[PDB]
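This report concerns only the one structure given below.
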Amino acid sequence: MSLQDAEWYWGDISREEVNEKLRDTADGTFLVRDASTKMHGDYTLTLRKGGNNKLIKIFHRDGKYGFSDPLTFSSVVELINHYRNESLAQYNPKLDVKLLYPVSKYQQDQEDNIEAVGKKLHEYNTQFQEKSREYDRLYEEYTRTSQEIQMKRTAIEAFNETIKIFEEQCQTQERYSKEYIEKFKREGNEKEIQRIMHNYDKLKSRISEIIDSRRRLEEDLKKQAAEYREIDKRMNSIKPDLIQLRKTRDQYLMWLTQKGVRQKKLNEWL
Amino acid sequence: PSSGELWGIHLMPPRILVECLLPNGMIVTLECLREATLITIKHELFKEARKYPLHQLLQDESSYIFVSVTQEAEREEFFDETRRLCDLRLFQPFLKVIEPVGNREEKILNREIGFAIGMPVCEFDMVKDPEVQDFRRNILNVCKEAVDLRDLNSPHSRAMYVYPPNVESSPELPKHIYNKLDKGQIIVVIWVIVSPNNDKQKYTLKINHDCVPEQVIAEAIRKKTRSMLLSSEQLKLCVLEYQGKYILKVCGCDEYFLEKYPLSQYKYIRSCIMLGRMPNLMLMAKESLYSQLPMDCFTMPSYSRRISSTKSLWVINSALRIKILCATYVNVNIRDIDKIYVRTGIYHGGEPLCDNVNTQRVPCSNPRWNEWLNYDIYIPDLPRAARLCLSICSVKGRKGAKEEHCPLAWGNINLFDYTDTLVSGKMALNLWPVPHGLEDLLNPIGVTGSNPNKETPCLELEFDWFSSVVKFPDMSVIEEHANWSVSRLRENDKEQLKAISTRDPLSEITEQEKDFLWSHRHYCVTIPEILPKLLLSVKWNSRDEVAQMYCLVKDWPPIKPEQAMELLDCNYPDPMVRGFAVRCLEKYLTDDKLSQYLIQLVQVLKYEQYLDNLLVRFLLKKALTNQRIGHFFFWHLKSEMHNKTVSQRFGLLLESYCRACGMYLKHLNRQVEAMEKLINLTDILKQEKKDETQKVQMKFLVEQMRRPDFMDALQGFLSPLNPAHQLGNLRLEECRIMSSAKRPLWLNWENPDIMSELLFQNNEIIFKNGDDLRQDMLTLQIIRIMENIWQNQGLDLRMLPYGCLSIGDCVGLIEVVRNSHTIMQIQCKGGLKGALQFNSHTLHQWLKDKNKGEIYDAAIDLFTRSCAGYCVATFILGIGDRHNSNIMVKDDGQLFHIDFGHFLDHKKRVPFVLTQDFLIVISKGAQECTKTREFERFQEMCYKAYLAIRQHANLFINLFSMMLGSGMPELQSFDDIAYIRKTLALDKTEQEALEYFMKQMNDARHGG
Ligand SMILES: CNC(=O)c1cc(NC(=O)c2cc(F)cc(C(F)(F)F)c2)c2c(c1)C(=O)N[C@H]2c1ccccc1C
């Protein structure tokens, strides 16, 4: 029935670390530290309620404990378990939950020969920096492909405005040359009909060249836009695995923590 | 936005063919020149057209113009017929002859804005979104306010805009400055030109340091009329003549003393005292100054003028629900990933107004949910600044290991639009890529707005259509509701209420404290510093509390800008709060401190819920009344155009600035085109001839820079690092590529000032394409703040926050420090003492050789001071463990660190670099240098500096906080900033933080 030996007491932990542990948990999850003041006998309780991680200071006076002025309980564990049986609405209706689900120091693991660190941690860490190098590489050519795509997406839109300008040239060539061809036809001036045609045929000859250059880009786009989506689903497949074995590498430090000193991580330094 | 003169081509050949489409359907190939102006083309086309059918139909040359398609896919009407062919940024070499339509002057002006901001202005005309069209129209009155305000007392008010007084924010110079004044006076030299040869003459003066410029002009004409036997009234008659006929300028750059600040408050002379150097001033004719201020009109644009029942939120007696229909374009491996789902949360800033809710999980191959998500909140309880934050997430399962969730894409929505109407009807938004390094399922700091990029994951939603349009209540009812709910002193209390004010912006504020503040919320206006804390205490999912809170802020005492800036960060989105924060700035933030914190103030524009807000109008207002801050206002905005999340917001903001910054737009465009030529040459060096040797690259460089079209673009323009520095002719003699892999360019110009020799005769800057510089910017800026704090406390610790500016995606400028070397370079000017071990005294000896004589004590003082400065700074910022090649020292003895981006990258052990070489110098070459009395007072400088920053720890934590939405990976969550709380030891008392830093210093000398 002792404090330092509880599940939910971690003590010397940073606020950022408990934020990382309550991330997206359900209401009533909770965890206790010593206050970031690092002050003796002065503690902080975080619990999950309303999507937020909410901080409760736990007071200490005459050996008694509590977290308001009227201060009652003998120990902190009597204080916490009292609110595990019934709601801390007793303290404030504004938060109506019990200290439902503790997060435990231990109760988290993965024969404990020293090889579990010197062999199986270095193994999981090597497996973690390889998949982290791949994902950095993926995210490099992911952003590269992303820019070479928009470069092509605008260039084909340029081709769209150019082809628009040439197609209206054709439709004004036919507009303002119909009744000159029709006038030249009855003057027997085939020499002048073929100048208009030799120029019209040269007009829609070039428009055929830029239309072909457009599709030849829409093709390089189509095929790069696809190899782009593949790079995305590859990252999304690599992200969860990367997290999974990053945590494995982390909590394999626990048996370095059971050894109690990071001597053997510094052996892995040097 | 243009890699070359044609699509995929850097430069046009000297001659090229151009297809010319006439208003008749004839097509004419014209051989022209790369430079052939459009007037040359139009003439020689209509001269060759007579060789092609149907010439009869063409009107006169002067009645037509060209239109073509730019590499920006703009159909651009080339009204400015004076441009060269090769400057059009043509996509393909063709020109379509058309009759000009629309206001010529306007169209010519928009092309010039488009080049400046980097995108065609006409892309804005096509925007469906009415917020955009309302923004464009409704900020044109902030521009008319500024143009009229600066064209008021022409030409002085027009000069005060272009050449604003560069002043310290207070004339109270701290004592250590005054101690370099001869019995409270300063000696100054005034220079004058004698024109037949531009000969020059000088007049030395001793004057009270607090003389206004006109009083300086008095003491100079008074000294030249010494022997003129003038009467007291004839003297007044020519003192008056010169006081109003001339002004003073800084020799070597474009700084002017146009306003009657005391002389020593002008920054140039505040440092001439601090550095003990002679302030060199040039007397100049006012009519010559106003001559180079060409009158600039501001004309309202076309969109400015024309365009071709409801119920209150608080009647809605129902909870909130939101439908998620389906997704699109989701890139997921159907078998590595088991299922997908949409996660949502209703957020006011970063605090969930209610717990999150998800759709049920769904297979990858069919991303459809058609699910109404119900939220534990009342629609009346919605605060105005509420926001829906959502993401698509993947899951991968296992029993021997936990189930893993990852975000695939994210998006945020404003529940109330800019017309404070609550959204309704079915909606669809494309989602953004999850930023690198983020693993939170949601991203509530990301910008609200749909991803414009195509083939990106598109999610559809529906918001309840309540029987009519719904608006947020008008302030009237909100206040009377506070009067409804309010009907439903102290000692220790007030002691702790102010004991809360001391604590930094990120301190743990436990529940008992926030609702204790909410209780004494009315006693809080006696300690207005507490306002940010009390706001985080408001339960924003209660309209009762929020209403009561609006009343307190409406009558809140103005806090000072260093505090008001926090309320513009991401944790304070309420438009009333932010409005109060802006009013504090526009009445207490000097143009100086505005220029100082401009990076952050621009950055927090990303958090603004809507385009048109009180903040942007304040920054834009100031940006158009002060061309110094307007310069960096432009470049900081322009530097992030590429980021499509803000390209619109910033683009619309730049459009306005460029449309009203006057004749300065012309200068900025010359800067932009100069940078464009530099980026297109470095892109060529990095992409094409990367494989070529380093001397092959050198020859392409010098030959390319030999080209006339290049030099005419890279010579004669203003340095974006400081527009006061004119950059004249290039010294190709000195230009070079550099040893880094990205091979930055060392660029060196002559200084064209008539008296350039009195400042620096040639100015050199490094241009680096391929490195993210904005960490250097923020680090160098922050270093400038810390030097500013120390100086005002009296600590004469000299830092070197050299000029750094990002102009785009991994590209910018870095000021070269003249007569400076690295510590690695200086060890290499020494010899090997130990066994393959550089000589530790080598630094001390090189400093002796460069400072022979009575100046030796000065250099040791400068080194021991600047060293102490960077020692403290780099530890606080975690910049501690630097390589010898990243620490530099001038021949002067001033030490300073460099390449901060290089360090943060190399990241993925020592508190700070206090090597032995430094101790040799600090102690003046002594044995057991850690026990002397130079070191005894050196570590007394370090100590006093550390607590001097902790005494201002609130300002810095706020500056960094404002940078979170920037996208810098070093600044993605408030967890990142937690490191500065550890080095400043803010959860410990002063003496504990002191002893913490002292143990780090004993470990910093690697033993002691
Ligand atoms: C051995 N070093 C560390 O262990 C270390 C160092 C740092 N320093 C920075 O990242 C940093 C410093 C700058 F001067 C400018 C910039 C910017 F923005 F230009 F990139 C980034 C940080 C952390 C840890 C951390 O946890 N947070 C960082 C941090 C610390 C202090 C203030 C601000 C920040 C972000």
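Within each chain, counting starts at residue 1; across the structure tokens, chains are named A, B, ... in the order shown, with ligands numbered 1 upward in that order.
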
Item to check | Interface residues on chain B facing chain A, 7 Å, only C-alpha atoms, written as a PyMOL selection string | outcome: chain B and resi 24-27+53+69+71+73+75+331-333+336-337+351-352+354-356+404-406+408+510-511+975+987-988

Can you work out which residues are within 9 Å of ligand 1, considering only C-alpha atoms and all ligand atoms, and then hand them over as a PDB file with N, CA and C atoms, in the first residue's frame?
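The resulting file, part.pdb, is shown below:
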```pdb
ATOM      1  N   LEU B 773      17.395  28.656 -45.141  1.00  0.00           N
ATOM      2  CA  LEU B 773      18.068  29.684 -44.362  1.00  0.00           C
ATOM      3  C   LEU B 773      17.245  30.199 -43.191  1.00  0.00           C
ATOM      4  N   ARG B 774      15.937  29.936 -43.161  1.00  0.00           N
ATOM      5  CA  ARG B 774      15.097  30.619 -42.185  1.00  0.00           C
ATOM      6  C   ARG B 774      15.379  30.190 -40.750  1.00  0.00           C
ATOM      7  N   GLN B 775      16.128  29.106 -40.533  1.00  0.00           N
ATOM      8  CA  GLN B 775      16.664  28.864 -39.197  1.00  0.00           C
ATOM      9  C   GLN B 775      17.766  29.865 -38.872  1.00  0.00           C
ATOM     10  N   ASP B 776      18.616  30.181 -39.852  1.00  0.00           N
ATOM     11  CA  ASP B 776      19.628  31.212 -39.647  1.00  0.00           C
ATOM     12  C   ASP B 776      18.977  32.561 -39.373  1.00  0.00           C
ATOM     13  N   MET B 777      17.961  32.914 -40.162  1.00  0.00           N
ATOM     14  CA  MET B 777      17.214  34.144 -39.919  1.00  0.00           C
ATOM     15  C   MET B 777      16.729  34.214 -38.476  1.00  0.00           C
ATOM     16  N   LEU B 778      15.957  33.210 -38.055  1.00  0.00           N
ATOM     17  CA  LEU B 778      15.380  33.234 -36.716  1.00  0.00           C
ATOM     18  C   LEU B 778      16.465  33.202 -35.647  1.00  0.00           C
ATOM     19  N   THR B 779      17.518  32.412 -35.862  1.00  0.00           N
ATOM     20  CA  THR B 779      18.611  32.372 -34.896  1.00  0.00           C
ATOM     21  C   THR B 779      19.333  33.715 -34.838  1.00  0.00           C
ATOM     22  N   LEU B 780      19.676  34.273 -36.001  1.00  0.00           N
ATOM     23  CA  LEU B 780      20.359  35.563 -36.026  1.00  0.00           C
ATOM     24  C   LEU B 780      19.468  36.672 -35.479  1.00  0.00           C
ATOM     25  N   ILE B 782      17.080  36.243 -33.209  1.00  0.00           N
ATOM     26  CA  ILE B 782      17.043  36.018 -31.767  1.00  0.00           C
ATOM     27  C   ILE B 782      18.343  36.479 -31.119  1.00  0.00           C
ATOM     28  N   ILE B 783      19.475  36.266 -31.795  1.00  0.00           N
ATOM     29  CA  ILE B 783      20.746  36.765 -31.276  1.00  0.00           C
ATOM     30  C   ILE B 783      20.715  38.284 -31.179  1.00  0.00           C
ATOM     31  N   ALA B 873      24.379  32.349 -25.209  1.00  0.00           N
ATOM     32  CA  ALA B 873      23.321  32.224 -26.206  1.00  0.00           C
ATOM     33  C   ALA B 873      23.214  30.797 -26.727  1.00  0.00           C
ATOM     34  N   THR B 874      24.343  30.206 -27.125  1.00  0.00           N
ATOM     35  CA  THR B 874      24.291  28.896 -27.763  1.00  0.00           C
ATOM     36  C   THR B 874      23.837  27.808 -26.797  1.00  0.00           C
ATOM     37  N   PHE B 875      24.164  27.933 -25.509  1.00  0.00           N
ATOM     38  CA  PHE B 875      23.649  26.976 -24.535  1.00  0.00           C
ATOM     39  C   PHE B 875      22.135  27.084 -24.416  1.00  0.00           C
ATOM     40  N   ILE B 876      21.633  28.302 -24.195  1.00  0.00           N
ATOM     41  CA  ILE B 876      20.194  28.516 -24.051  1.00  0.00           C
ATOM     42  C   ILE B 876      19.446  27.893 -25.222  1.00  0.00           C
ATOM     43  N   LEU B 877      19.910  28.165 -26.439  1.00  0.00           N
ATOM     44  CA  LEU B 877      19.239  27.709 -27.648  1.00  0.00           C
ATOM     45  C   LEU B 877      19.585  26.274 -28.027  1.00  0.00           C
ATOM     46  N   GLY B 878      20.419  25.589 -27.248  1.00  0.00           N
ATOM     47  CA  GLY B 878      20.860  24.263 -27.633  1.00  0.00           C
ATOM     48  C   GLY B 878      21.775  24.244 -28.835  1.00  0.00           C
ATOM     49  N   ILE B 879      22.411  25.373 -29.142  1.00  0.00           N
ATOM     50  CA  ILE B 879      23.332  25.511 -30.266  1.00  0.00           C
ATOM     51  C   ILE B 879      24.747  25.241 -29.763  1.00  0.00           C
ATOM     52  N   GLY B 880      24.853  24.589 -28.604  1.00  0.00           N
ATOM     53  CA  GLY B 880      26.109  24.604 -27.868  1.00  0.00           C
ATOM     54  C   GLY B 880      27.263  23.960 -28.614  1.00  0.00           C
ATOM     55  N   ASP B 881      27.078  22.718 -29.058  1.00  0.00           N
ATOM     56  CA  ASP B 881      28.187  21.869 -29.502  1.00  0.00           C
ATOM     57  C   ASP B 881      28.511  22.163 -30.963  1.00  0.00           C
ATOM     58  N   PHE B 900      23.959  28.075 -38.754  1.00  0.00           N
ATOM     59  CA  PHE B 900      23.095  27.440 -37.767  1.00  0.00           C
ATOM     60  C   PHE B 900      22.219  26.363 -38.392  1.00  0.00           C
ATOM     61  N   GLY B 901      21.788  26.557 -39.640  1.00  0.00           N
ATOM     62  CA  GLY B 901      21.058  25.504 -40.324  1.00  0.00           C
ATOM     63  C   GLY B 901      21.884  24.242 -40.483  1.00  0.00           C
ATOM     64  N   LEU B 904      21.572  22.262 -37.090  1.00  0.00           N
ATOM     65  CA  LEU B 904      20.295  21.602 -36.836  1.00  0.00           C
ATOM     66  C   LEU B 904      20.108  20.385 -37.738  1.00  0.00           C
ATOM     67  N   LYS B 907      22.190  17.409 -36.669  1.00  0.00           N
ATOM     68  CA  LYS B 907      21.658  16.796 -35.456  1.00  0.00           C
ATOM     69  C   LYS B 907      21.126  15.394 -35.737  1.00  0.00           C
ATOM     70  N   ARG B 909      28.460  16.341 -27.516  1.00  0.00           N
ATOM     71  CA  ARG B 909      27.781  16.599 -26.251  1.00  0.00           C
ATOM     72  C   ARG B 909      28.637  17.472 -25.336  1.00  0.00           C
ATOM     73  N   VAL B 910      28.263  18.742 -25.233  1.00  0.00           N
ATOM     74  CA  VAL B 910      28.876  19.677 -24.291  1.00  0.00           C
ATOM     75  C   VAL B 910      27.949  20.884 -24.199  1.00  0.00           C
ATOM     76  N   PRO B 911      27.713  21.444 -23.007  1.00  0.00           N
ATOM     77  CA  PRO B 911      26.747  22.555 -22.908  1.00  0.00           C
ATOM     78  C   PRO B 911      27.028  23.691 -23.879  1.00  0.00           C
ATOM     79  N   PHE B 956      10.993  35.666 -25.456  1.00  0.00           N
ATOM     80  CA  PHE B 956      11.526  34.682 -26.393  1.00  0.00           C
ATOM     81  C   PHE B 956      10.560  33.521 -26.588  1.00  0.00           C
ATOM     82  N   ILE B 957      10.026  32.976 -25.492  1.00  0.00           N
ATOM     83  CA  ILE B 957       9.068  31.880 -25.609  1.00  0.00           C
ATOM     84  C   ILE B 957       7.884  32.295 -26.470  1.00  0.00           C
ATOM     85  N   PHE B 960       9.188  32.387 -30.364  1.00  0.00           N
ATOM     86  CA  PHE B 960       9.208  31.040 -30.926  1.00  0.00           C
ATOM     87  C   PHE B 960       7.797  30.489 -31.088  1.00  0.00           C
ATOM     88  N   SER B 961       6.941  30.690 -30.082  1.00  0.00           N
ATOM     89  CA  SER B 961       5.568  30.199 -30.165  1.00  0.00           C
ATOM     90  C   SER B 961       4.878  30.699 -31.427  1.00  0.00           C
ATOM     91  N   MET B 963       6.090  31.139 -34.220  1.00  0.00           N
ATOM     92  CA  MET B 963       6.694  30.543 -35.403  1.00  0.00           C
ATOM     93  C   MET B 963       6.271  29.095 -35.627  1.00  0.00           C
ATOM     94  N   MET B 968       8.743  25.111 -40.063  1.00  0.00           N
ATOM     95  CA  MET B 968      10.095  24.727 -39.682  1.00  0.00           C
ATOM     96  C   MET B 968      10.020  23.465 -38.832  1.00  0.00           C
ATOM     97  N   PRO B 969      10.699  22.378 -39.206  1.00  0.00           N
ATOM     98  CA  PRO B 969      10.574  21.138 -38.422  1.00  0.00           C
ATOM     99  C   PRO B 969      11.060  21.279 -36.993  1.00  0.00           C
ATOM    100  N   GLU B 970      11.934  22.247 -36.715  1.00  0.00           N
ATOM    101  CA  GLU B 970      12.351  22.519 -35.346  1.00  0.00           C
ATOM    102  C   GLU B 970      11.225  23.105 -34.508  1.00  0.00           C
ATOM    103  N   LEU B 971      10.118  23.518 -35.143  1.00  0.00           N
ATOM    104  CA  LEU B 971       9.019  24.221 -34.481  1.00  0.00           C
ATOM    105  C   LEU B 971       7.705  23.633 -35.002  1.00  0.00           C
ATOM    106  N   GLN B 972       7.350  22.452 -34.486  1.00  0.00           N
ATOM    107  CA  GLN B 972       6.117  21.776 -34.865  1.00  0.00           C
ATOM    108  C   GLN B 972       5.112  21.657 -33.729  1.00  0.00           C
ATOM    109  N   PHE B 974       4.464  22.824 -29.222  1.00  0.00           N
ATOM    110  CA  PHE B 974       4.983  23.478 -28.027  1.00  0.00           C
ATOM    111  C   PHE B 974       5.946  22.579 -27.263  1.00  0.00           C
ATOM    112  N   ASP B 975       5.869  21.260 -27.465  1.00  0.00           N
ATOM    113  CA  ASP B 975       6.853  20.367 -26.864  1.00  0.00           C
ATOM    114  C   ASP B 975       8.264  20.741 -27.300  1.00  0.00           C
ATOM    115  N   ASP B 976       8.421  21.175 -28.554  1.00  0.00           N
ATOM    116  CA  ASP B 976       9.739  21.568 -29.039  1.00  0.00           C
ATOM    117  C   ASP B 976      10.307  22.717 -28.217  1.00  0.00           C
ATOM    118  N   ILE B 977       9.472  23.706 -27.889  1.00  0.00           N
ATOM    119  CA  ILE B 977       9.949  24.870 -27.156  1.00  0.00           C
ATOM    120  C   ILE B 977      10.306  24.522 -25.718  1.00  0.00           C
ATOM    121  N   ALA B 978       9.871  23.361 -25.223  1.00  0.00           N
ATOM    122  CA  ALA B 978      10.136  22.996 -23.836  1.00  0.00           C
ATOM    123  C   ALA B 978      11.624  22.978 -23.510  1.00  0.00           C
ATOM    124  N   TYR B 979      12.493  22.881 -24.520  1.00  0.00           N
ATOM    125  CA  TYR B 979      13.926  22.845 -24.250  1.00  0.00           C
ATOM    126  C   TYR B 979      14.413  24.165 -23.661  1.00  0.00           C
ATOM    127  N   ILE B 980      13.892  25.295 -24.147  1.00  0.00           N
ATOM    128  CA  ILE B 980      14.357  26.574 -23.620  1.00  0.00           C
ATOM    129  C   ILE B 980      13.921  26.741 -22.170  1.00  0.00           C
ATOM    130  N   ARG B 981      12.778  26.160 -21.791  1.00  0.00           N
ATOM    131  CA  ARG B 981      12.388  26.173 -20.385  1.00  0.00           C
ATOM    132  C   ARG B 981      13.386  25.401 -19.533  1.00  0.00           C
ATOM    133  N   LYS B 982      14.049  24.399 -20.117  1.00  0.00           N
ATOM    134  CA  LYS B 982      15.017  23.599 -19.374  1.00  0.00           C
ATOM    135  C   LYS B 982      16.344  24.331 -19.210  1.00  0.00           C
ATOM    136  N   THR B 983      16.808  25.016 -20.258  1.00  0.00           N
ATOM    137  CA  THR B 983      18.078  25.729 -20.165  1.00  0.00           C
ATOM    138  C   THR B 983      17.940  26.996 -19.331  1.00  0.00           C
TER     139      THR B 983
END
```

Checklist entry - Among range 307-536 of chain B, which residues carry a DSSP assignment of strand (DSSP E or B), reported as a ChimeraX atom specification? => result /B:310-312,319-326,339-348,351-352,357-358,362,368-378,386-396,404-414,416,421-422,425-430,432-433,448,458-463,469-471

Checklist entry - Mind pulling up the distance from CA of residue 673 in chain B to CA of residue 84 in chain B? => result 14.2 Å

Item to check | Distance query residue 860 in chain B at most 7 Å, only C-alpha atoms, self and fewer than 5 positions along chain excluded, as JSON, numbers by chain | outcome: {"B": [893, 921, 922]}

What would the file look like if the residues just selected were written as a PDB file, in the first residue's frame with C-alpha atoms?
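Just written: again-v1.pdb:
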```pdb
ATOM      1  CA  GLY B 893      38.723  40.146 -31.963  1.00  0.00           C
ATOM      2  CA  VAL B 921      42.941  34.460 -24.916  1.00  0.00           C
ATOM      3  CA  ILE B 922      40.555  35.378 -22.095  1.00  0.00           C
TER       4      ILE B 922
END
```

Next on the checklist: If we count only C-alpha atoms and set the cut-off at 10 Å, which residues sit around residue 618 in chain B, ignoring sequence neighbours fewer than 3 positions away in its own chain? Please answer as an MDAnalysis selection string.
Outcome noted: chainID B and resid 142 582:583 585:586 613:615 621:623

Just-selected residues, N, CA, C and O atoms written as a PDB file, in the first residue's frame:
```pdb
ATOM      1  N   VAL B 142      -7.402  50.529 -46.758  1.00  0.00           N
ATOM      2  CA  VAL B 142      -6.184  50.641 -45.965  1.00  0.00           C
ATOM      3  C   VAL B 142      -5.036  51.162 -46.818  1.00  0.00           C
ATOM      4  O   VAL B 142      -4.075  51.729 -46.285  1.00  0.00           O
ATOM      5  N   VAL B 582      -3.985  43.586 -31.353  1.00  0.00           N
ATOM      6  CA  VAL B 582      -3.551  44.484 -32.418  1.00  0.00           C
ATOM      7  C   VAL B 582      -3.570  45.928 -31.935  1.00  0.00           C
ATOM      8  O   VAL B 582      -2.623  46.690 -32.163  1.00  0.00           O
ATOM      9  N   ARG B 583      -4.652  46.329 -31.263  1.00  0.00           N
ATOM     10  CA  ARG B 583      -4.739  47.696 -30.766  1.00  0.00           C
ATOM     11  C   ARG B 583      -3.569  48.030 -29.851  1.00  0.00           C
ATOM     12  O   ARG B 583      -3.091  49.170 -29.847  1.00  0.00           O
ATOM     13  N   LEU B 585      -0.536  46.882 -30.263  1.00  0.00           N
ATOM     14  CA  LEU B 585       0.621  47.096 -31.126  1.00  0.00           C
ATOM     15  C   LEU B 585       0.546  48.446 -31.828  1.00  0.00           C
ATOM     16  O   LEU B 585       1.484  49.248 -31.754  1.00  0.00           O
ATOM     17  N   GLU B 586      -0.565  48.719 -32.516  1.00  0.00           N
ATOM     18  CA  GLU B 586      -0.676  49.956 -33.281  1.00  0.00           C
ATOM     19  C   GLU B 586      -0.690  51.199 -32.402  1.00  0.00           C
ATOM     20  O   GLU B 586      -0.797  52.307 -32.940  1.00  0.00           O
ATOM     21  N   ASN B 613      -8.628  40.664 -41.424  1.00  0.00           N
ATOM     22  CA  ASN B 613      -8.580  40.674 -39.971  1.00  0.00           C
ATOM     23  C   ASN B 613      -7.904  41.951 -39.492  1.00  0.00           C
ATOM     24  O   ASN B 613      -7.254  42.666 -40.259  1.00  0.00           O
ATOM     25  N   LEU B 614      -8.061  42.230 -38.195  1.00  0.00           N
ATOM     26  CA  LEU B 614      -7.491  43.445 -37.624  1.00  0.00           C
ATOM     27  C   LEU B 614      -5.969  43.433 -37.676  1.00  0.00           C
ATOM     28  O   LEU B 614      -5.344  44.496 -37.766  1.00  0.00           O
ATOM     29  N   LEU B 615      -5.355  42.251 -37.619  1.00  0.00           N
ATOM     30  CA  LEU B 615      -3.898  42.176 -37.618  1.00  0.00           C
ATOM     31  C   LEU B 615      -3.327  42.544 -38.983  1.00  0.00           C
ATOM     32  O   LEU B 615      -2.483  43.441 -39.096  1.00  0.00           O
ATOM     33  N   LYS B 621      -1.078  48.380 -43.146  1.00  0.00           N
ATOM     34  CA  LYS B 621      -1.071  49.821 -42.907  1.00  0.00           C
ATOM     35  C   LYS B 621       0.344  50.315 -42.629  1.00  0.00           C
ATOM     36  O   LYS B 621       0.833  51.242 -43.284  1.00  0.00           O
ATOM     37  N   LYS B 622       1.022  49.696 -41.659  1.00  0.00           N
ATOM     38  CA  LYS B 622       2.384  50.107 -41.333  1.00  0.00           C
ATOM     39  C   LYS B 622       3.338  49.839 -42.491  1.00  0.00           C
ATOM     40  O   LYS B 622       4.275  50.613 -42.721  1.00  0.00           O
ATOM     41  N   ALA B 623       3.117  48.751 -43.234  1.00  0.00           N
ATOM     42  CA  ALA B 623       4.024  48.402 -44.323  1.00  0.00           C
ATOM     43  C   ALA B 623       4.002  49.439 -45.439  1.00  0.00           C
ATOM     44  O   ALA B 623       4.987  49.575 -46.175  1.00  0.00           O
TER      45      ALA B 623
END
```

Next on the checklist: If DSSP is run on the backbone, what residues of range 614-771 of chain B are helix (DSSP H, G or I)? A reply as a PyMOL selection string would be ideal.
Outcome noted: chain B and resi 614-625+627-638+647-660+664-687+694-706+708-714+756-758

Item to check | Atomic distance CA of residue 407 in chain B - CA of residue 392 in chain B, expressed in Å with one decimal | outcome: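 Distance between the two atoms: 5.9 Å.
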
Next on the checklist: Which residues are near range 149-151 of chain B? Cut-off 10 Å, only C-alpha atoms, ignore same chain within fewer than 5 positions. Put them as a VMD selection string.
Outcome noted: chain B and resid 143 to 144 156 to 162 295 to 297 624 to 626

Next on the checklist: I want to know what sits within 9 Å of range 639-646 of chain B, based on only C-alpha atoms, with residues of the same chain fewer than 2 positions away left out; could you give that as a ChimeraX atom specification?
Outcome noted: /B:117-119,432,446-453,606,634-637,648-651,805-809,811-812

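Atom pair CA of residue 164 in chain A / CA of residue 226 in chain A has a distance of 27.8 Å (rounded to one decimal).
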
Checklist entry - Can you tell me, as a PyMOL selection string, what residues are no more than 12 Å from residue 81 in chain A when counting only C-alpha atoms, ignoring any on the same chain fewer than 2 positions away? => result chain A and resi 1+3+6-8+30+73-79+83-88+98-102
